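Let me begin by presenting the structure, written as C-alpha coordinates, before commenting on it.
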Amino acid sequence: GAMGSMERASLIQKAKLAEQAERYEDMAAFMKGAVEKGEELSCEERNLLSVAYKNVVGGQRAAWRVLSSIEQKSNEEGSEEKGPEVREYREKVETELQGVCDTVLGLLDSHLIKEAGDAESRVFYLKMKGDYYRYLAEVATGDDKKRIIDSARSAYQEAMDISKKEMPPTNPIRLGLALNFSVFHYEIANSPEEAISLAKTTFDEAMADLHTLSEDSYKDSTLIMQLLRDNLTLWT
Amino acid sequence: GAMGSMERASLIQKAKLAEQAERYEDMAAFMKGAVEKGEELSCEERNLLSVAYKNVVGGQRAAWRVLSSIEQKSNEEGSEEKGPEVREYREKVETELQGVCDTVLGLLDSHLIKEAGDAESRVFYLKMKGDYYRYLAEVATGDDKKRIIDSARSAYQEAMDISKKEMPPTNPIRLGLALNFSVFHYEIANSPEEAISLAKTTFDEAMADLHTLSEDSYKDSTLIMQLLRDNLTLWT
Amino acid sequence: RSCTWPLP
Amino acid sequence: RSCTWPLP
Ligand SMILES: *SCCNC(=O)[C@H]1CCCN(C(=O)c2cc(Cl)cc(Cl)c2N)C1
Ligand SMILES: *SCCNC(=O)[C@H]1CCCN(C(=O)c2cc(Cl)cc(Cl)c2N)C1
Ligand SMILES: [Mg+2]
Ligand SMILES: [Mg+2]
Ligand SMILES: [Mg+2]
Ligand SMILES: [Mg+2]
(Lines give C-alpha, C1' and ligand atoms only; values in the text may rest on other atoms or scores of the structure.)
(Ligands and ions follow the chains in the order given, each with its own letter.)
Protein backbone atom coordinates (compact mmCIF):
# COMPACT_ATOMS: atom_id res chain seq x y z
CA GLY A 1 0.00 0.00 0.00
CA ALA A 2 1.16 3.56 0.70
CA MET A 3 3.75 2.11 3.09
CA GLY A 4 5.27 -0.13 0.43
CA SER A 5 8.27 2.14 -0.11
CA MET A 6 9.19 2.52 3.55
CA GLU A 7 11.70 0.27 5.36
CA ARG A 8 10.22 -2.22 7.86
CA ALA A 9 12.48 -0.82 10.64
CA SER A 10 11.40 2.75 9.77
CA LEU A 11 7.72 1.76 9.98
CA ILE A 12 8.26 0.25 13.44
CA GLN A 13 10.25 3.33 14.53
CA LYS A 14 7.44 5.60 13.31
CA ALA A 15 4.73 3.47 14.97
CA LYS A 16 6.53 4.09 18.28
CA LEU A 17 6.71 7.84 17.54
CA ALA A 18 3.00 7.88 16.62
CA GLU A 19 2.18 6.16 19.93
CA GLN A 20 4.13 8.86 21.86
CA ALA A 21 2.23 11.52 19.87
CA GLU A 22 -1.15 9.81 20.49
CA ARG A 23 -1.57 9.53 16.68
CA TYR A 24 -3.18 6.07 16.67
CA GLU A 25 -4.53 6.17 13.10
CA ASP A 26 -0.98 6.82 11.91
CA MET A 27 0.35 4.14 14.31
CA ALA A 28 -2.07 1.58 12.81
CA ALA A 29 -1.13 2.50 9.25
CA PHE A 30 2.56 2.13 10.07
CA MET A 31 1.98 -1.27 11.71
CA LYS A 32 -0.19 -2.47 8.79
CA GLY A 33 2.73 -1.51 6.54
CA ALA A 34 5.13 -3.46 8.72
CA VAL A 35 2.92 -6.55 8.69
CA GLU A 36 2.60 -6.34 4.90
CA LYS A 37 6.38 -6.73 4.58
CA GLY A 38 5.62 -10.38 5.14
CA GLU A 39 8.00 -11.14 8.02
CA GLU A 40 6.73 -12.51 11.32
CA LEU A 41 6.31 -9.96 14.16
CA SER A 42 8.31 -10.01 17.35
CA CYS A 43 6.62 -9.82 20.75
CA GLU A 44 7.09 -6.04 20.99
CA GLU A 45 5.86 -5.57 17.40
CA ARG A 46 2.69 -7.65 18.10
CA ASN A 47 2.00 -5.34 21.05
CA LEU A 48 2.41 -2.25 18.83
CA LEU A 49 -0.04 -3.74 16.33
CA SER A 50 -2.58 -4.46 19.04
CA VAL A 51 -2.25 -1.05 20.77
CA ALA A 52 -2.62 0.79 17.45
CA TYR A 53 -5.83 -0.89 16.28
CA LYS A 54 -7.30 -1.09 19.82
CA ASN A 55 -7.10 2.70 20.10
CA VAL A 56 -8.53 3.29 16.64
CA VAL A 57 -11.44 0.86 17.07
CA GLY A 58 -11.92 2.03 20.65
CA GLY A 59 -12.67 5.54 19.43
CA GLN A 60 -15.08 4.24 16.79
CA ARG A 61 -16.87 1.95 19.27
CA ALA A 62 -17.30 4.81 21.76
CA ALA A 63 -18.70 7.04 19.02
CA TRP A 64 -20.99 4.27 17.75
CA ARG A 65 -22.42 3.78 21.29
CA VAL A 66 -23.14 7.51 21.65
CA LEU A 67 -24.91 7.58 18.28
CA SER A 68 -26.82 4.32 18.80
CA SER A 69 -28.09 5.67 22.14
CA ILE A 70 -29.32 8.87 20.46
CA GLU A 71 -30.93 6.81 17.66
CA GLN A 72 -32.67 4.51 20.17
CA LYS A 73 -34.13 7.53 22.01
CA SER A 74 -35.34 9.01 18.71
CA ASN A 75 -37.37 5.84 18.08
CA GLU A 76 -39.26 5.96 21.41
CA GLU A 77 -42.92 7.03 21.74
CA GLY A 78 -43.31 10.81 22.09
CA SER A 79 -39.92 11.53 20.50
CA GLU A 80 -40.18 14.09 17.68
CA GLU A 81 -39.33 12.92 14.12
CA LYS A 82 -35.90 14.33 13.25
CA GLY A 83 -35.39 12.78 9.83
CA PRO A 84 -32.77 10.26 8.64
CA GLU A 85 -29.65 12.05 9.90
CA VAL A 86 -29.03 10.15 13.15
CA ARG A 87 -29.36 6.76 11.42
CA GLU A 88 -27.21 7.96 8.49
CA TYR A 89 -24.40 9.18 10.72
CA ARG A 90 -24.55 6.05 12.95
CA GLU A 91 -24.32 4.01 9.72
CA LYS A 92 -21.30 6.06 8.60
CA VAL A 93 -19.42 5.43 11.84
CA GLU A 94 -20.54 1.76 11.78
CA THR A 95 -19.24 1.22 8.27
CA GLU A 96 -15.89 2.82 9.18
CA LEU A 97 -15.65 0.57 12.27
CA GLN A 98 -16.46 -2.52 10.20
CA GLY A 99 -13.77 -1.48 7.79
CA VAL A 100 -11.14 -1.29 10.52
CA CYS A 101 -12.21 -4.70 11.82
CA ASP A 102 -12.05 -6.21 8.32
CA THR A 103 -8.57 -4.71 7.88
CA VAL A 104 -7.29 -6.31 11.11
CA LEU A 105 -8.95 -9.63 10.28
CA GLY A 106 -7.39 -9.44 6.85
CA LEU A 107 -3.90 -9.03 8.28
CA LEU A 108 -4.49 -11.99 10.58
CA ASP A 109 -5.71 -14.17 7.71
CA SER A 110 -3.04 -12.97 5.28
CA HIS A 111 -0.84 -14.27 6.78
CA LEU A 112 -0.06 -13.71 10.46
CA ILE A 113 -1.96 -16.67 11.90
CA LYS A 114 -0.76 -19.33 9.47
CA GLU A 115 2.90 -18.34 10.01
CA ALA A 116 2.54 -18.27 13.81
CA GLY A 117 3.93 -21.51 15.28
CA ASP A 118 4.93 -20.55 18.80
CA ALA A 119 2.13 -20.63 21.34
CA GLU A 120 2.65 -17.02 22.40
CA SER A 121 2.26 -15.69 18.88
CA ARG A 122 -0.54 -18.04 17.77
CA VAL A 123 -2.63 -17.37 20.91
CA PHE A 124 -2.00 -13.61 20.56
CA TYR A 125 -3.32 -13.58 16.98
CA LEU A 126 -6.27 -15.86 17.65
CA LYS A 127 -7.27 -13.65 20.59
CA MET A 128 -7.11 -10.65 18.19
CA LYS A 129 -9.29 -12.55 15.71
CA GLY A 130 -11.83 -13.21 18.47
CA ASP A 131 -11.72 -9.58 19.62
CA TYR A 132 -12.30 -8.05 16.10
CA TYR A 133 -15.16 -10.51 15.33
CA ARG A 134 -16.57 -9.49 18.77
CA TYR A 135 -16.45 -5.79 17.71
CA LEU A 136 -18.24 -6.75 14.46
CA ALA A 137 -20.80 -8.63 16.60
CA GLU A 138 -21.48 -5.55 18.77
CA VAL A 139 -22.94 -3.73 15.72
CA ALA A 140 -24.37 -6.70 13.81
CA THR A 141 -28.15 -6.93 13.28
CA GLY A 142 -28.67 -8.94 10.02
CA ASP A 143 -28.59 -12.48 8.44
CA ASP A 144 -24.93 -12.89 9.51
CA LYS A 145 -24.99 -11.93 13.22
CA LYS A 146 -25.01 -15.56 14.32
CA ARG A 147 -22.13 -16.48 12.01
CA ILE A 148 -20.12 -13.41 13.22
CA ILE A 149 -20.70 -14.49 16.83
CA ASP A 150 -19.62 -18.02 16.02
CA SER A 151 -16.49 -16.77 14.26
CA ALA A 152 -15.52 -14.89 17.45
CA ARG A 153 -16.32 -17.94 19.63
CA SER A 154 -14.30 -20.26 17.36
CA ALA A 155 -11.21 -18.06 17.41
CA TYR A 156 -11.35 -17.57 21.19
CA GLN A 157 -11.86 -21.33 21.68
CA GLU A 158 -8.87 -22.28 19.56
CA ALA A 159 -6.79 -19.72 21.45
CA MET A 160 -8.03 -21.10 24.81
CA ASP A 161 -7.24 -24.68 23.87
CA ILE A 162 -3.64 -23.79 22.89
CA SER A 163 -3.12 -21.53 25.90
CA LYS A 164 -4.23 -24.20 28.37
CA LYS A 165 -1.86 -26.73 26.79
CA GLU A 166 1.15 -24.53 26.25
CA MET A 167 1.20 -21.62 28.71
CA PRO A 168 1.16 -21.28 32.50
CA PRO A 169 -2.09 -20.01 34.07
CA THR A 170 -0.37 -16.70 34.93
CA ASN A 171 0.75 -15.96 31.38
CA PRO A 172 -0.55 -12.40 30.56
CA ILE A 173 -1.64 -13.41 27.03
CA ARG A 174 -3.55 -16.40 28.48
CA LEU A 175 -5.06 -14.08 31.13
CA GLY A 176 -6.10 -11.38 28.68
CA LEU A 177 -7.58 -13.96 26.36
CA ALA A 178 -9.65 -15.41 29.17
CA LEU A 179 -10.75 -11.95 30.32
CA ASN A 180 -11.95 -11.06 26.79
CA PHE A 181 -13.60 -14.45 26.14
CA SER A 182 -15.46 -14.00 29.47
CA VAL A 183 -16.69 -10.60 28.23
CA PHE A 184 -17.71 -12.23 24.92
CA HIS A 185 -19.81 -14.69 26.90
CA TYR A 186 -21.43 -11.96 29.04
CA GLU A 187 -22.04 -9.26 26.42
CA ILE A 188 -22.33 -11.10 23.11
CA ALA A 189 -23.32 -14.73 23.72
CA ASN A 190 -25.99 -14.04 26.39
CA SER A 191 -24.13 -16.53 28.65
CA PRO A 192 -23.46 -14.64 31.94
CA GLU A 193 -22.98 -17.91 33.88
CA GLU A 194 -20.29 -19.04 31.46
CA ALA A 195 -18.67 -15.58 31.74
CA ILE A 196 -18.63 -15.75 35.54
CA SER A 197 -17.35 -19.37 35.63
CA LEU A 198 -14.57 -18.58 33.20
CA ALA A 199 -13.44 -15.45 35.05
CA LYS A 200 -13.50 -17.24 38.44
CA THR A 201 -11.60 -20.34 37.28
CA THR A 202 -9.04 -18.21 35.45
CA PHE A 203 -8.50 -15.98 38.52
CA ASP A 204 -8.15 -18.92 40.92
CA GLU A 205 -5.74 -20.90 38.72
CA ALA A 206 -3.61 -17.79 38.25
CA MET A 207 -3.61 -17.07 42.02
CA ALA A 208 -2.27 -20.58 42.64
CA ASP A 209 0.65 -20.03 40.23
CA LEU A 210 1.80 -16.57 41.38
CA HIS A 211 4.38 -18.16 43.73
CA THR A 212 6.46 -19.21 40.71
CA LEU A 213 6.91 -15.65 39.45
CA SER A 214 9.47 -12.90 39.68
CA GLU A 215 8.43 -9.51 40.98
CA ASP A 216 8.08 -8.12 37.46
CA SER A 217 6.05 -11.12 36.15
CA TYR A 218 3.88 -10.97 39.29
CA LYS A 219 3.07 -7.32 38.47
CA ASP A 220 2.11 -8.18 34.87
CA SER A 221 -0.16 -11.04 35.89
CA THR A 222 -1.83 -9.42 38.90
CA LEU A 223 -2.74 -6.35 36.81
CA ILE A 224 -4.88 -8.54 34.58
CA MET A 225 -6.20 -10.58 37.47
CA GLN A 226 -7.58 -7.35 38.92
CA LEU A 227 -9.57 -6.84 35.73
CA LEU A 228 -11.10 -10.33 36.13
CA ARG A 229 -12.00 -9.42 39.77
CA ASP A 230 -13.44 -6.08 38.62
CA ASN A 231 -15.75 -7.92 36.17
CA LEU A 232 -16.77 -10.52 38.75
CA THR A 233 -17.64 -7.65 41.13
CA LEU A 234 -19.76 -6.00 38.45
CA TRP A 235 -21.49 -9.31 37.57
CA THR A 236 -22.24 -10.82 40.99
CA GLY B 1 -16.88 18.84 -2.06
CA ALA B 2 -18.06 15.49 -0.69
CA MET B 3 -20.69 17.38 1.31
CA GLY B 4 -22.16 19.05 -1.77
CA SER B 5 -25.15 16.71 -1.91
CA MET B 6 -26.14 17.06 1.74
CA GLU B 7 -28.68 19.62 3.01
CA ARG B 8 -27.25 22.56 5.00
CA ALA B 9 -29.56 21.73 7.95
CA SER B 10 -28.47 18.07 7.84
CA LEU B 11 -24.80 19.09 7.92
CA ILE B 12 -25.39 21.26 10.99
CA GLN B 13 -27.41 18.45 12.63
CA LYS B 14 -24.59 15.99 11.95
CA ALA B 15 -21.90 18.41 13.21
CA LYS B 16 -23.77 18.46 16.54
CA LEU B 17 -23.94 14.64 16.56
CA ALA B 18 -20.21 14.43 15.73
CA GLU B 19 -19.46 16.77 18.65
CA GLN B 20 -21.45 14.51 21.04
CA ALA B 21 -19.52 11.51 19.66
CA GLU B 22 -16.15 13.32 19.99
CA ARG B 23 -15.65 12.82 16.21
CA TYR B 24 -14.03 16.22 15.54
CA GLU B 25 -12.62 15.42 12.09
CA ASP B 26 -16.15 14.54 10.99
CA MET B 27 -17.52 17.63 12.77
CA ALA B 28 -15.06 19.84 10.84
CA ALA B 29 -15.94 18.23 7.52
CA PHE B 30 -19.64 18.76 8.18
CA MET B 31 -19.08 22.42 9.12
CA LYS B 32 -16.86 23.01 6.06
CA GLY B 33 -19.73 21.62 3.99
CA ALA B 34 -22.17 23.96 5.69
CA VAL B 35 -19.95 26.99 5.09
CA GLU B 36 -19.56 26.02 1.42
CA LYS B 37 -23.34 26.33 0.96
CA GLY B 38 -22.58 30.02 0.80
CA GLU B 39 -25.01 31.34 3.42
CA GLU B 40 -23.80 33.34 6.41
CA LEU B 41 -23.44 31.41 9.70
CA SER B 42 -25.50 32.09 12.77
CA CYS B 43 -23.88 32.58 16.18
CA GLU B 44 -24.36 28.93 17.16
CA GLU B 45 -23.06 27.76 13.76
CA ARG B 46 -19.91 29.94 14.10
CA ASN B 47 -19.28 28.27 17.46
CA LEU B 48 -19.65 24.79 15.89
CA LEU B 49 -17.15 25.76 13.19
CA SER B 50 -14.66 27.02 15.75
CA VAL B 51 -15.03 24.02 18.12
CA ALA B 52 -14.59 21.54 15.24
CA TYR B 53 -11.36 22.97 13.83
CA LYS B 54 -9.96 23.87 17.28
CA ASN B 55 -10.17 20.22 18.30
CA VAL B 56 -8.68 18.95 15.06
CA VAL B 57 -5.78 21.42 15.06
CA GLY B 58 -5.37 20.99 18.81
CA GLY B 59 -4.60 17.31 18.33
CA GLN B 60 -2.14 18.06 15.52
CA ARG B 61 -0.39 20.80 17.53
CA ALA B 62 -0.02 18.50 20.55
CA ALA B 63 1.44 15.77 18.34
CA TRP B 64 3.76 18.23 16.59
CA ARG B 65 5.12 19.43 19.98
CA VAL B 66 5.82 15.84 21.10
CA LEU B 67 7.66 15.11 17.84
CA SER B 68 9.56 18.40 17.73
CA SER B 69 10.77 17.76 21.31
CA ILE B 70 12.02 14.29 20.32
CA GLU B 71 13.69 15.74 17.19
CA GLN B 72 15.39 18.51 19.23
CA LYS B 73 16.80 15.92 21.67
CA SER B 74 18.08 13.81 18.75
CA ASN B 75 20.13 16.80 17.54
CA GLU B 76 21.94 17.34 20.86
CA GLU B 77 25.59 16.37 21.47
CA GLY B 78 25.98 12.73 22.57
CA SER B 79 22.61 11.71 21.09
CA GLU B 80 22.92 8.64 18.85
CA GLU B 81 22.14 9.08 15.11
CA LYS B 82 18.73 7.51 14.47
CA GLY B 83 18.29 8.35 10.80
CA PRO B 84 15.70 10.57 9.09
CA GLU B 85 12.55 9.06 10.61
CA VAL B 86 11.87 11.57 13.41
CA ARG B 87 12.24 14.55 11.04
CA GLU B 88 10.15 12.79 8.37
CA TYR B 89 7.29 12.03 10.74
CA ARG B 90 7.41 15.54 12.31
CA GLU B 91 7.24 16.90 8.74
CA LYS B 92 4.24 14.66 7.99
CA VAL B 93 2.30 15.92 11.00
CA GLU B 94 3.42 19.50 10.23
CA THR B 95 2.20 19.33 6.66
CA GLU B 96 -1.17 17.93 7.80
CA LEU B 97 -1.47 20.75 10.38
CA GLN B 98 -0.61 23.38 7.75
CA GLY B 99 -3.26 21.87 5.54
CA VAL B 100 -5.95 22.23 8.20
CA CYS B 101 -4.89 25.83 8.82
CA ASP B 102 -4.98 26.61 5.09
CA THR B 103 -8.45 25.04 4.88
CA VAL B 104 -9.79 27.25 7.70
CA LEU B 105 -8.11 30.34 6.27
CA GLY B 106 -9.61 29.47 2.91
CA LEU B 107 -13.12 29.35 4.33
CA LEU B 108 -12.57 32.71 6.00
CA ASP B 109 -11.30 34.27 2.78
CA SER B 110 -13.92 32.60 0.58
CA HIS B 111 -16.14 34.18 1.75
CA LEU B 112 -16.99 34.36 5.45
CA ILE B 113 -15.12 37.55 6.31
CA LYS B 114 -16.26 39.67 3.38
CA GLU B 115 -19.94 38.80 4.03
CA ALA B 116 -19.65 39.49 7.78
CA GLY B 117 -21.06 42.96 8.54
CA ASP B 118 -22.13 42.71 12.16
CA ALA B 119 -19.38 43.31 14.69
CA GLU B 120 -19.93 39.98 16.44
CA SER B 121 -19.48 37.97 13.26
CA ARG B 122 -16.65 40.06 11.76
CA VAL B 123 -14.62 40.04 15.01
CA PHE B 124 -15.25 36.27 15.41
CA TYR B 125 -13.86 35.54 11.93
CA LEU B 126 -10.92 37.92 12.18
CA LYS B 127 -9.98 36.33 15.53
CA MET B 128 -10.10 32.92 13.77
CA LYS B 129 -7.87 34.29 11.01
CA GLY B 130 -5.38 35.49 13.63
CA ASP B 131 -5.52 32.16 15.48
CA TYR B 132 -4.88 29.96 12.34
CA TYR B 133 -2.00 32.22 11.16
CA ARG B 134 -0.66 31.91 14.75
CA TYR B 135 -0.76 28.07 14.45
CA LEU B 136 1.09 28.38 11.12
CA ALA B 137 3.62 30.64 12.88
CA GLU B 138 4.24 28.06 15.63
CA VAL B 139 5.76 25.67 13.04
CA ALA B 140 7.23 28.21 10.61
CA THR B 141 11.03 28.34 10.11
CA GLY B 142 11.61 29.65 6.53
CA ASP B 143 11.56 32.80 4.28
CA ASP B 144 7.89 33.41 5.17
CA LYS B 145 7.87 33.22 8.99
CA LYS B 146 7.88 36.99 9.35
CA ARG B 147 5.04 37.42 6.85
CA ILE B 148 3.01 34.66 8.60
CA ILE B 149 3.52 36.44 11.94
CA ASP B 150 2.46 39.73 10.41
CA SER B 151 -0.63 38.15 8.89
CA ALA B 152 -1.67 36.94 12.36
CA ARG B 153 -0.90 40.36 13.91
CA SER B 154 -2.88 42.18 11.19
CA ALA B 155 -5.98 40.03 11.61
CA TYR B 156 -5.91 40.30 15.41
CA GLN B 157 -5.40 44.08 15.15
CA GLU B 158 -8.35 44.59 12.83
CA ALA B 159 -10.46 42.45 15.15
CA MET B 160 -9.29 44.48 18.19
CA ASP B 161 -10.05 47.80 16.54
CA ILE B 162 -13.63 46.72 15.69
CA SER B 163 -14.22 45.11 19.08
CA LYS B 164 -13.15 48.22 20.99
CA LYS B 165 -15.48 50.38 18.89
CA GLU B 166 -18.49 48.11 18.74
CA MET B 167 -18.59 45.75 21.73
CA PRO B 168 -18.63 46.17 25.52
CA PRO B 169 -15.41 45.25 27.36
CA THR B 170 -17.15 42.17 28.84
CA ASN B 171 -18.21 40.73 25.48
CA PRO B 172 -16.90 37.08 25.42
CA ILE B 173 -15.73 37.37 21.78
CA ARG B 174 -13.85 40.60 22.63
CA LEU B 175 -12.39 38.86 25.73
CA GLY B 176 -11.31 35.72 23.88
CA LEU B 177 -9.78 37.79 21.13
CA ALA B 178 -7.76 39.77 23.63
CA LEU B 179 -6.69 36.61 25.47
CA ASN B 180 -5.43 35.05 22.21
CA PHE B 181 -3.76 38.24 20.93
CA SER B 182 -1.97 38.46 24.32
CA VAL B 183 -0.72 34.89 23.81
CA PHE B 184 0.37 35.82 20.26
CA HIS B 185 2.43 38.64 21.74
CA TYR B 186 4.01 36.40 24.42
CA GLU B 187 4.66 33.22 22.40
CA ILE B 188 5.02 34.37 18.80
CA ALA B 189 6.00 38.05 18.69
CA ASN B 190 8.62 37.91 21.50
CA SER B 191 6.73 40.79 23.17
CA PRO B 192 5.99 39.60 26.76
CA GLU B 193 5.47 43.19 28.00
CA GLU B 194 2.83 43.81 25.36
CA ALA B 195 1.20 40.47 26.29
CA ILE B 196 1.09 41.39 29.97
CA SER B 197 -0.18 44.96 29.32
CA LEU B 198 -2.92 43.69 27.05
CA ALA B 199 -4.09 40.99 29.46
CA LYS B 200 -4.10 43.42 32.42
CA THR B 201 -5.96 46.23 30.63
CA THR B 202 -8.49 43.77 29.21
CA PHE B 203 -9.09 42.20 32.65
CA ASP B 204 -9.49 45.55 34.41
CA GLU B 205 -11.84 47.05 31.82
CA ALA B 206 -13.97 43.91 31.93
CA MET B 207 -14.05 43.95 35.77
CA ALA B 208 -15.40 47.52 35.66
CA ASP B 209 -18.27 46.49 33.34
CA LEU B 210 -19.45 43.33 35.14
CA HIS B 211 -22.07 45.34 37.07
CA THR B 212 -24.09 45.77 33.86
CA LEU B 213 -24.52 42.02 33.33
CA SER B 214 -27.09 39.38 34.05
CA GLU B 215 -26.09 36.31 36.03
CA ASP B 216 -25.67 34.26 32.86
CA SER B 217 -23.61 36.94 31.02
CA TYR B 218 -21.50 37.41 34.17
CA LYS B 219 -20.68 33.68 34.11
CA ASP B 220 -19.65 33.80 30.43
CA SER B 221 -17.39 36.82 30.90
CA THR B 222 -15.79 35.83 34.21
CA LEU B 223 -14.84 32.41 32.79
CA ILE B 224 -12.65 34.11 30.21
CA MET B 225 -11.39 36.69 32.66
CA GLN B 226 -10.04 33.81 34.75
CA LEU B 227 -7.99 32.69 31.76
CA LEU B 228 -6.46 36.19 31.49
CA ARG B 229 -5.64 36.02 35.25
CA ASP B 230 -4.17 32.53 34.82
CA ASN B 231 -1.81 33.84 32.10
CA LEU B 232 -0.84 36.91 34.13
CA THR B 233 -0.02 34.57 37.05
CA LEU B 234 2.14 32.43 34.79
CA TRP B 235 3.90 35.49 33.30
CA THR B 236 4.59 37.66 36.37
CA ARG C 1 -18.66 -1.25 31.35
CA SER C 2 -17.02 -4.73 31.61
CA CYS C 3 -13.18 -4.46 31.43
CA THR C 4 -11.40 -6.03 28.43
CA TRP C 5 -7.66 -6.25 28.20
CA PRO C 6 -5.15 -4.17 26.19
CA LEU C 7 -7.13 -1.00 27.23
CA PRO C 8 -7.17 1.86 24.65
CA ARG D 1 1.18 26.36 28.77
CA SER D 2 -0.47 29.81 28.29
CA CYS D 3 -4.30 29.51 28.10
CA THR D 4 -6.02 30.44 24.81
CA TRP D 5 -9.76 30.60 24.47
CA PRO D 6 -12.23 28.16 22.86
CA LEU D 7 -10.27 25.26 24.56
CA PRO D 8 -10.19 21.95 22.59
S1 LIG E 1 6.77 -8.34 24.26
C2 LIG E 1 8.12 -8.47 25.49
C3 LIG E 1 7.78 -7.80 26.82
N4 LIG E 1 6.40 -7.95 27.35
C5 LIG E 1 5.59 -9.15 27.23
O6 LIG E 1 6.05 -10.13 26.74
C7 LIG E 1 4.13 -9.26 27.85
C8 LIG E 1 4.43 -9.03 29.27
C9 LIG E 1 3.84 -7.76 29.71
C10 LIG E 1 2.35 -8.00 29.74
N11 LIG E 1 1.81 -8.14 28.35
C12 LIG E 1 0.35 -7.99 28.30
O13 LIG E 1 -0.27 -7.77 29.31
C14 LIG E 1 -0.53 -8.02 27.04
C15 LIG E 1 -1.52 -8.97 26.94
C16 LIG E 1 -2.34 -8.97 25.82
CL17 LIG E 1 -3.59 -10.24 25.72
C18 LIG E 1 -2.16 -8.02 24.82
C19 LIG E 1 -1.18 -7.06 24.94
CL20 LIG E 1 -0.96 -5.81 23.68
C21 LIG E 1 -0.35 -7.05 26.07
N22 LIG E 1 0.70 -6.05 26.23
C23 LIG E 1 2.92 -8.39 27.30
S1 LIG F 1 -24.10 31.84 19.91
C2 LIG F 1 -25.47 32.21 21.06
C3 LIG F 1 -25.16 31.82 22.51
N4 LIG F 1 -23.80 32.07 23.02
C5 LIG F 1 -22.98 33.23 22.68
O6 LIG F 1 -23.42 34.09 21.99
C7 LIG F 1 -21.53 33.46 23.29
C8 LIG F 1 -21.86 33.52 24.73
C9 LIG F 1 -21.28 32.37 25.43
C10 LIG F 1 -19.79 32.61 25.43
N11 LIG F 1 -19.22 32.47 24.05
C12 LIG F 1 -17.76 32.31 24.06
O13 LIG F 1 -17.16 32.30 25.11
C14 LIG F 1 -16.86 32.09 22.84
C15 LIG F 1 -15.86 33.01 22.57
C16 LIG F 1 -15.02 32.78 21.49
CL17 LIG F 1 -13.76 34.01 21.17
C18 LIG F 1 -15.18 31.65 20.70
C19 LIG F 1 -16.17 30.73 20.99
CL20 LIG F 1 -16.37 29.26 20.00
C21 LIG F 1 -17.02 30.94 22.08
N22 LIG F 1 -18.08 30.00 22.42
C23 LIG F 1 -20.31 32.50 22.95
MG1 LIG G 1 -24.79 -1.05 8.71
MG1 LIG H 1 -14.61 -24.57 31.16
MG1 LIG I 1 7.74 21.65 6.74
MG1 LIG J 1 -2.82 49.16 23.85
Side-chain angles (χ1 to χ4, degrees), chain A residues 17 21 130 153-154 156-165 167 169 174-175 177-186 189 191-206 228 232, chain B residues 57 60-61 63-68 70-72 75 84-102 130 133 135-145 147-148 153-154 156-165 167 169 174-175 177-186 189 191-206 228 232:
Chain A
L17 291 172
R153 181 205 58 71
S154 181
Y156 284 134
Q157 188 62 240
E158 187 179 343
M160 285 293 302
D161 293 342
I162 297 164
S163 75
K164 286 190 182 193
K165 286 173 250 125
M167 289 168 157
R174 180 170 166 178
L175 291 175
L177 162 64
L179 179 71
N180 284 194
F181 193 23
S182 168
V183 170
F184 166 85
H185 289 305
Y186 196 90
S191 299
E193 295 176 327
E194 189 66 16
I196 292 162
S197 189
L198 179 54
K200 187 168 171 28
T201 290
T202 302
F203 181 97
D204 289 343
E205 291 201 279
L228 290 162
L232 286 163
Chain B
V57 76
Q60 296 173 315
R61 291 162 75 202
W64 187 94
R65 290 189 300 260
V66 163
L67 301 169
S68 182
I70 294 169
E71 188 182 12
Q72 287 330 300
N75 298 331
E85 291 86 359
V86 170
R87 174 190 50 76
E88 287 170 351
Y89 186 46
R90 189 269 301 155
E91 286 174 352
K92 176 195 175 81
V93 171
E94 187 172 299
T95 298
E96 188 192 292
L97 180 165
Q98 292 169 323
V100 169
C101 296
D102 288 348
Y133 275 113
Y135 307 149
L136 290 174
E138 287 176 344
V139 307
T141 61
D143 276 10
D144 279 322
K145 193 191 185 186
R147 269 182 281 270
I148 293 162
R153 181 205 58 71
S154 181
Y156 284 134
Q157 188 62 240
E158 187 179 343
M160 285 293 302
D161 293 342
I162 297 164
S163 75
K164 286 190 182 193
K165 286 173 250 125
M167 289 168 157
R174 180 170 166 178
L175 291 175
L177 162 64
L179 179 71
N180 284 194
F181 193 23
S182 168
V183 170
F184 166 85
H185 289 305
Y186 196 90
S191 299
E193 295 176 327
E194 189 66 16
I196 292 162
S197 189
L198 179 54
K200 187 168 171 28
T201 290
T202 302
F203 181 97
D204 289 343
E205 291 201 279
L228 290 162
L232 286 163

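Here is how names work: the chains are called A, B, and so on, in the same order as the sequence lines, proteins then strands, and each is numbered from 1. In each ligand, atom 1 is the first atom listed, and ligand 1 is the first ligand listed.
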For [X] against [Y], the heavy-atom pair lying closest together:
X: A:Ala178; Y: A:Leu198; answer: O-CD2, 3.7 Å
X: B:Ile148; Y: B:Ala137; answer: CG2-N, 3.6 Å
X: A:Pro169; Y: A:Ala206; answer: O-CB, 3.7 Å

- Task: Apply side chain to side chain donor-acceptor pair (under 3.5 Å) to B:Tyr133 and list each qualifying residue two or more places apart in sequence or on a separate chain.
- Result: none
- Task: Return the set of residues passing salt bridge (charged side-chain N to carboxylate O under 4.0 Å, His left out) with B:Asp161 (not counting sequence neighbours), or none when no residue passes.
- Result: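 Result, salt bridge (charged side-chain N to carboxylate O under 4.0 Å, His left out) vs B:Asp161: none returned.
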- Task: Mind checking salt bridge (charged side-chain N to carboxylate O under 4.0 Å, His left out) for B:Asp204 and listing every partner two or more places apart, or none if nothing turns up?
- Result: B:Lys200
- Query: What are the protein N, O or S atoms, given as residue plus atom name, that sit under 2.8 Å from the Mg ion (ligand 5)?
  - Reply: B:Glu94 OE2
